[PDB]
Each structure stands twice: as structure tokens, then as C-alpha cells.
2 protein chains.
Amino acid sequence: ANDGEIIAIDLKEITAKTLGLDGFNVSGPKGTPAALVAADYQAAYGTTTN
Amino acid sequence: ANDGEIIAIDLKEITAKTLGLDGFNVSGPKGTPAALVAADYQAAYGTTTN
């Protein structure tokens, strides 16, 4: 009933990338890979990345 | 029954101004805002933002 009587709640954040499971697989790739276009950089580091 | 024999009453103004409640407001920003820097751009759009 007065000022500053707070109790905090922590609420961390959970995704596939945060736990370290991004790009996780077995069996290896399906063929001989090829080069990188700028689209996948956006998929990785954000749409406005550099 | 003779002059000079009196009892004084006292009265006070009461408004939203004198009690100190002028411009009371519970929504809207907190504090007087200031300018922006790089860290907040980074938080809002990613670490490598343009």
C-alpha cells in the first residue's frame, strides 16, 4: 500500500538458436554444396544485416 | 452587546490546484525523454544492424 513494494520475475528467453541447436543434424548434406547468396545472410543475422 | 466582541472563523481554498494535484496523469511516458544511441538500435533490430 505504499511506494516501492515490488517483487521481480525473471523470464528468460528460449529459442532453437539460444540453446545452441541451430544447424544441428546427422547424415551430413545431401549433395555437393554451392556458394552463398545474400539471402541466407538475411536468414542468419537479420533482414537488415551487413 | 458592546463593540469589539467577536469570534473569528477561518476558511481555506480547496481546488485541484492548491492541494498539489494539477496535471495528474498515470499513463504516458515516465521522465522527460532523451535522445537515441547505437545500443538501442542494436537491441531493436539485431547486433549487425544498418
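What counts and what doesn't
Residues numbered from 1 in each chain as written, not as in the entry; some residues may be left out. Chains lettered and ligands numbered in written order. Part of a larger assembly, values for the part shown. Heavy atoms only, no water. Helix = DSSP H or I, 4+ residues; strand = E, 2+ residues; numbered from the N terminus. Buried < 20%, exposed > 50% of the residue type's maximum accessible area, 1.4 Å probe, protein only. Contact = heavy atoms within 4.5 Å. Buried area = accessible area lost by both parts, 1.4 Å probe. Salt bridge = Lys/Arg side-chain N within 4 Å of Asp/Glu carboxyl O. Polar contact = N/O pair within 3.5 Å; in protein donor to acceptor, adjacent residues only side chain to side chain. Nonpolar A, V, L, I, M, F, W, Y, C, P; charged D, E, K, R; others polar. Patch = residues over 30% accessible without salt bridge, like charges linked within 9 Å, V, L, I, M, F, W, Y side chains within 5 Å. Areas by Shrake-Rupley, 256 points an atom, 1.4 Å probe, with all protein chains shown as cover.

- Regarding how it was determined, this PDB entry cites cryo-EM in its header, along with a resolution of 3.4 Å.

- Chain A goes by Flagellin in the PDB entry, where it is assigned to Cupriavidus gilardii.

Comments concerning the overall build of chain A
So, point 1. For chain A, the helix and strand inventory stands at 1 helix and 0 strands.
So, point 2. C-alpha atoms of chain A, sized along the principal axes, occupy 65 × 30 × 10 Å.
So, point 3. Considering chain A as a whole, with its 50 residues, one finds that 2% of them fall into the buried category.

As for the interface of chain A and chain B
So, point 1. Each side of the interface is counted separately: chain A has 4 residues, and chain B has 4 residues.
So, point 2. Taking both partners together, chain A and chain B bury about 350 Å²; carbon and sulfur atoms supply 31% of that area.
So, point 3. Considering only the surface of chain A that becomes buried against chain B, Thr48, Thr49 and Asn50 of chain A emerge as the three largest contributors, covering 84% of it.
So, point 4. For the interface between chain A and chain B, the tally reads 0 salt bridges.
So, point 5. Counting across the interface, chain A meets chain B through 3 residue pairs in polar contact.
So, point 6. Residue composition of the side of chain A that touches chain B, by class: 1 nonpolar, 3 polar and no charged.

Structural notes on unusual backbone geometry
All names here are of chain A.
So, point 1. The residue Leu11 is not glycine, and still its phi comes out positive at about 60°.
So, point 2. By the secondary structure assignment, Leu11 is in the segment before α1 (38-45).
So, point 3. Assessed through its relative accessible area of 68%, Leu11 is described here as exposed.
So, point 4. The phi angle at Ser27 is positive, at roughly 75°, despite the residue not being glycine.
So, point 5. Here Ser27 shows up in the segment before α1.
So, point 6. Of the residues examined, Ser27 reaches a relative accessible area of 70% and is grouped as exposed.

Here we look at the environment of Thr49 of chain B
So, point 1. Tracing the backbone through its elements, the reader meets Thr49 of chain B in the segment after α1 (38-45).
So, point 2. With relative accessibility at 25%, the residue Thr49 of chain B sits in the partly exposed group.
So, point 3. Among residues more than four places away in sequence, those in contact with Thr49 of chain B are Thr48 of chain A together with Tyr41 of chain B.
So, point 4. Polar contacts involving the side chain of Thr49 of chain B include one to the main-chain carbonyl oxygen of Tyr45 of chain B, which spans 3.2 Å.
So, point 5. Within polar-contact distance, the side chain of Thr49 of chain B engages the backbone oxygen of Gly46 of chain B at 2.5 Å.

A look at a nonpolar patch on the surface
So, point 1. Nonpolar side chains collect at one region of the surface, where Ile14, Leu19, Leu21 and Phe24 of chain A lie side by side and expose about 500 Å² of accessible area between them.
So, point 2. Among the secondary structure elements, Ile14 of chain A is positioned in the segment before α1.

Details of the side chain of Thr49 of chain A
So, point 1. A polar side-chain atom of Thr49 of chain A sits 2.6 Å from a polar atom in the side chain of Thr48 of chain B.
So, point 2. With residues up to four places along the chain from it excluded, the contact list for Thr49 of chain A reads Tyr41 and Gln42 of chain A together with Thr48 and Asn50 of chain B.

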